[PDB]
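Just below is one structure, and these are the notes that go with it.
First the proteins, then the strands, lettered A, B, ... as listed; each starts at 1.
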Protein chains: 2
Amino acid sequence: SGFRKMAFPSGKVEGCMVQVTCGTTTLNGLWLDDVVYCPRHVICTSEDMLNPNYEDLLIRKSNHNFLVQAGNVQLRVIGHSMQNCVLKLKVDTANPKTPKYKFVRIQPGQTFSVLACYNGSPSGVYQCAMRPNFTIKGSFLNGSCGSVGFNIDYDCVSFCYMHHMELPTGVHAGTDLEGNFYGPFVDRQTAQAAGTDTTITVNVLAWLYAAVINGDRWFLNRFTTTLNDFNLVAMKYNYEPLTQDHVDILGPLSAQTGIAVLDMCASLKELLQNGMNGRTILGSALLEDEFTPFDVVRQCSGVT
Amino acid sequence: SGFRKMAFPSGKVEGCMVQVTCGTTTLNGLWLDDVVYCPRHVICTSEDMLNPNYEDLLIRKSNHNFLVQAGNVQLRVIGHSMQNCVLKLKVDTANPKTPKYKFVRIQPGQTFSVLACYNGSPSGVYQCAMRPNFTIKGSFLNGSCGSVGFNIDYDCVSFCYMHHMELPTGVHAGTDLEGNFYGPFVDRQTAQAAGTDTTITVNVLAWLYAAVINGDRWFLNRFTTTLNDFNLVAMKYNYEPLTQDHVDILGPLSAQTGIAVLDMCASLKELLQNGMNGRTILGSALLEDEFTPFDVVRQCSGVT
Ligand SMILES: Cn1ccc(CN(C(=O)Cc2cccnc2)c2ccc(-c3ccccn3)cc2)n1
Ligand SMILES: Cn1ccc(CN(C(=O)Cc2cccnc2)c2ccc(-c3ccccn3)cc2)n1
């Protein structure tokens with residue numbers, strides 16, 4: 001028992017982290033097979049922050065201008081190319097520590113672990129969620145760019161995120177491993193609107209089921225609701241509207257606890273309308289939305 | 001910017017995890033050099049839960065009765081011994097993935113990462129704190145025993161905790177790597193009092209400084225306090241009394257932000273007496289005490 005914001009064991013990703021340097025700029029790179037993936041802004045200068053012409057900047061760079069170091073061993077760069085907002089540096093050596101891996105583009109509401117890195121070295125790991133507005137609330141300082149988000153299915157690492165930017169609002173933005181930004185964000189030092197952030201309703205409900213499993217049941221009530229009535233409340237409180245797909249994914253948790261999804265929705269409704277009244281749920285005084293239904297089942301069954 | 005409950009990259013510990021089986025019972029073991037460390041209750045049966053005589057039980061066991069598997073490779077056991085509540089199985093092969101390591105006994109209030117394991121395999125990593133009452137609020141199911149807590153200073157892993165037990169109250173208890181339990185806990189299926197848990201005051205203050213650095217400054221006020229006045233409030237709210245040693249450790253954070261420790265204590269005083277009034281600090285609606293002053297500086301400076 002006990003519920004925690006648990007991240008994946010980061011070992012498989014640690015063995016992929018390298019340091020990429022181009023000119024005076026240094027960030028992190030991801031070494032899988034004979035390719036090193038990193039944010040394309042590694043080629044920018046102090047002036048090219050406002051409106052960089054990446055195609056024009058990259059033309060001034062040769063394979064020998066990109067310095068890739070894995071710990072203390074230098075990788076020989078034999079090719080370079082730009083794919084959307086990421087650079088792909090072909091190196092002459094396949095990473096011996098390359099795990100089974102996939103490049104996947106997660107949906108808003110899905111969660112992933114981030115292995116924060118500086119100068120190609122791991123500093124820490126934490127669990128994050130891709131917000132509905134496609135930002136992430138991470139912990140990233142200058143030099144952390146290139147750090148990746150991932151998920152693990154037994155032996156396969158699905159890399160979903162690469163860190164690129166911190167918005168003036170203090171939230172984080174980045175790309176999938178094909179260099180496509182999540183959201184409308186651009187890799188330039190310009191003010192960018194991260195739209196209205198909504199609460200991931202299916203995740204809050206999954207976390208309420210995790211709480212019931214662990215003994216925290218004070219919030220359960222004698223009421224039920226409908227999907228239409230619930231969404232009237234979700235709307236008012238900037239929660240994502242619950243769909244039948246969400247209900248279906250919560251099925252295993254409803255089956256495990258014997259509490260119908262619409263009954264759990266009614267508990268969430270009263271929690272939204274009345275608050276916690278100074279109480280806690282799983283050691284939290286707010287409604288947590290960073291555990292997917294999949295995360296709850298994984299943690300409550302011990303999936304390794 | 002951004003603050004997260006960040007755990008250490010678990011890679012170095014992953015390479016040490018093995019599965020230990022004795023009879024029908026299976027738990028996790030820790031392989032460093034030619035020794036495998038695991039909880040001594042691996043030798044217990046379904047009846048020997050209430051009052052096991054570990055010395056008598058261990059006498060019935062030979063080296064060949066302890067099965068140690070690292071992934072899928074079987075380790076040959078050449079020695080076995082009991083040190084307090086841990087078993088030390090001498091194996092004929094030194095772990096090739098043994099990192100630089102130390103066995104350290106942490107103080108209450110200190111934090112560490114836990115790499116949760118099942119059948120010798122890593123499931124996830126999370127940051128924890130040793131509560132003042134020597135329990136930990138972890139996430140552990142049956143089979144997780146043997147999972148370890150640790151800290152990392154560049155290349156050296158300091159193993160501080162080994163998971164052994166879950167109290168009837170749902171909190172967790174375990175030992176240091178010499179098999180000495182933290183707290184008064186015994187490795188038997190008996191109701192055990194985990195004393196009154198107090199809030200780690202120096203950690204809440206360190207986290208208030210982390211919040212100020214990241215923009216969350218609403219709680220700062222025009223007041224100051226004294227150590228004696230503050231402790232009158234800490235007492236009432238079951239907070240650890242602040243000492244001059246605590247003030248001294250918060251010095252770097254006070255210096256960084258220019259907010260005196262007693263001024264920050266006065267903010268904490270008003271937060272304790274008035275609550276958050278429905279606001280949040282670093283995305284939390286309660287006062288967080290699982291970040292030491294050391295953790296805050298590490299995260300706010302990017303120590304790898
Ligand atoms: C062009 N561009 C793309 C994104 C950005 C904005 N940007 C960031 O937000 C990085 C960041 C900071 C803290 C936490 N997370 C991320 C950032 C990137 C790089 C440089 C930099 C510095 C010297 C030379 C060249 N490039 C400075 C600023 N600018
Ligand atoms: C003797 N003893 C020491 C500690 C305990 C209590 N105990 C736990 O609390 C384990 C636990 C559970 C869930 C999360 N964290 C930890 C636990 C240990 C082992 C066995 C077990 C089962 C079959 C055969 C032999 N031994 C059952 C229960 N009992």
Kindly compute the distance separating NZ (A/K137) from OG (B/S1), expressed to the nearest 0.5 Å.
13.0 Å
Just do the salt bridge (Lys or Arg N to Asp or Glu O under 4.0 Å) check on A/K5 and B/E290 with the steps written out, would you?
CA-CA 13 Å; A/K5 188 66 65 61; B/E290 292 200 314; over 6 Å; no
Given that the side chain runs from C-beta out, which part of B/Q127 has a heavy atom under 4.5 Å from chain A: side chain, backbone, both or neither?
backbone
Atom pair CZ (A/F8) and OG (B/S10), whose distance is rounded to the nearest 0.5 Å
11.5 Å
Only pairs of heavy atoms separated by less than 4.5 Å count here; which of B/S139, B/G215, B/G138 has the most with chain A?
B/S139
Take atom CG of A/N72 as the centre, draw a 6.0 Å sphere, and report whether it contains more than 12 heavy atoms from other residues, nucleotides or ligands.
no
Value rounded to 0.5 Å, distance of CZ in B/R4 from CD1 in A/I136:
8.0 Å
For A/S144, is it the side chain, the backbone, both, or neither that has a heavy atom closer than 4.5 Å to a heavy atom of chain B?
neither
Suppose a student defines contact as a heavy atom less than 4.5 Å from any heavy atom of chain A. Which residues in residues 297-304 of chain B would they list?
B/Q299, B/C300, B/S301, B/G302, B/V303, B/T304
Which one, B/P9, B/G2, B/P122, B/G15, leads in non-hydrogen pairs under 4.5 Å with chain A?
B/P9
Taking heavy atoms only and a threshold strictly under 4.5 Å, list by residue number the residues of residues 112-119 of chain A that touch chain B; give 'none' if the list is empty.
A/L115, A/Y118
Heavy atoms only, distances under 4.5 angstrom: which of B/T280, B/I152, B/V125, B/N214 has the most pairs with chain A? Name it, please.
B/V125
